[PDB]
Colleague: 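Have a look at this one before I ask anything.
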Amino acid sequence: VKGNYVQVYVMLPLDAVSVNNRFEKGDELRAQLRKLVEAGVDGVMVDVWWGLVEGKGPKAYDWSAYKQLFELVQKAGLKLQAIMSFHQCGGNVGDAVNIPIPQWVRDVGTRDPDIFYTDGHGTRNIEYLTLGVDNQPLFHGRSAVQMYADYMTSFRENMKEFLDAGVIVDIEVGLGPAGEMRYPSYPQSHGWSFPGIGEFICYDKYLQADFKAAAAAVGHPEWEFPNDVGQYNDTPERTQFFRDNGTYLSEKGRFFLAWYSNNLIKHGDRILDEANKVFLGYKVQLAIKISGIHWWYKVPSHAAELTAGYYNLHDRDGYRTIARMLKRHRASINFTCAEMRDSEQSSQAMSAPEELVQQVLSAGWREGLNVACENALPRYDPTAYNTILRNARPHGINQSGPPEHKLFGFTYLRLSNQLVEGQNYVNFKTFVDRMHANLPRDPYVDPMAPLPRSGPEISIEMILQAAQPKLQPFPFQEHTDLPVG
Ligand SMILES: OC[C@H]1O[C@H](O[C@H]2[C@H](F)[C@@H](O)[C@@H](O)O[C@@H]2CO)[C@H](O)[C@@H](O)[C@@H]1O
Ligand SMILES: [Cl-]
């Protein structure tokens, strides 16, 4: 029975550390974490905000608030998943917690605005640095990759006790907006609203130059970005690029989609190589986050996936390519939408979260990766928990041993007083029991080996062999065999 146990993590509040980098929720969190421990929870997850820690200047890392938080987590006996959060929290009207990237990095942007992902109207998104400047030494002598590596190194050095005591077990490497490996193709501040197709965000001058060079290398120096792509809130059939039998299928369209999605894959590969070097020998797993772009999954162009940077079509597996890049690093995939049913979505949105989840999980498993999930939206109800259960163990309980497939972990978004009171808490506690296959909490489940070095670098052409032939997902049971009640 024990091989069936799936760990449950809870995401801490976005301001677990205050926006002024002080640890102010000691009393509240201590009581809330006792409730999580009483409910069987294995660990918690927390954003380690770049804008808080490196806020005062280059290499002026102030870890003091995070240390107090971590001591609290250790004293509660919980495991911890740390997100290297190189992105902005919040920043839209009505957002409760606003934590930009460091001011001194934004200051560089006032002179070089092309450090930001830029759309076709020239709007600069300030939430993350363009993959275009990964290797450009624009930041008081450092490149973006060097800044990420130095931050991670400082983290390792300062949190060494927590790593050595087995408190920190997972490092999630932020690779874009919201920590997700994607482009900022659906920004509420630029006027996107669900279920718009989004936009290609490759207009910064660094990426424009990258494209020109890539185009000339295949004998087409004239070529340019597609301009028949509509705008954020269009539907696919209103554009010549995304409509059925549209120009996404042309030679030019294919080259551009590959260039755009490949750049994201290369961004992840190079940052994970540095992260691996940082954490070499520590008993931690590295993970990336893949966003769940379920809208337009039911139309042939998969338009919203394409603009996010996931080059996924009926005959092209744009998630298995990503999984193949992760293989050498022994990095895990953290996906979302674990809680969603297709029947819960708007019909206009052409949305298939269940099929998307099955595709991403099956891609990870076929590459031998650990796969974990999160819920996309707040849910407290049994149906949601049953949906997660189904995804956690797609073939149900195995009586004999471990199941053929299961999630390595599930992380619940997110902790607050609402979760640890009333019927919510009762539903949640019952969920954790079921995730654990009705066994008591085992803190020593899924032990980590010392992190080995990433295997040999493989080329983009090698990675892309994983795209085709596109395989059907593994079959998933329609309903969990171990429901909450
Ligand atoms: O606290 C982790 C993370 O949470 C948010 O992003 C998540 C989205 F809310 C969710 O819908 C899905 O897309 O997964 C995201 C990653 O966990 C915050 O917006 C993000 O800044 C923060 O790092
Ligand atoms: Cl295969």
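Numbering of ligands and ligand atoms starts at 1, following listing order. Values below: all heavy atoms of this structure, side chains included; hydrogens, waters and symmetry mates excluded. Residue indices begin at 1 and follow the sequence shown.
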Colleague: Which one of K327, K277, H329 satisfies the side chain to side chain donor-acceptor pair (under 3.5 Å) criterion with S454?
Modeller: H329
Colleague: Heavy atoms under 4.0 Å from ligand 1: which residues qualify?
Modeller: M11, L14, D47, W49, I83, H87, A178, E180, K289, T336, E374, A376, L413, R414
Colleague: Please name all residues satisfying side chain to side chain donor-acceptor pair (under 3.5 Å) with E199, sequence neighbours left out, ordered by chain then number.
Modeller: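 For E199 there are no side chain to side chain donor-acceptor pair (under 3.5 Å) partners, ignoring immediate neighbours.
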Colleague: Would you say the side-chain atoms of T153 pair up with the backbone N or O of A149, donor to acceptor, closer than 3.5 Å?
Modeller: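 Yes, the answer is positive, given that a donor and an acceptor are paired below the 3.5 Å cut-off.
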Colleague: Does anything in residues 283-293 form a side-chain hydrogen bond (donor to acceptor under 3.5 Å, both in side chains)? List the pairs, not counting sequence neighbours.
Modeller: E180-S291, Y186-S291, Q285-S332, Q285-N370, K289-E374
Colleague: With rounding to the nearest 0.5 Å, note down the distance linking CG in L52 to CG in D62.
Modeller: 9.5 Å
Colleague: Any salt bridge (charged side-chain N to carboxylate O under 4.0 Å, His left out) involving residues 313-325? Give me the pairs, sequence neighbours left out, ordered by first then second residue.
Modeller: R320-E367, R324-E367
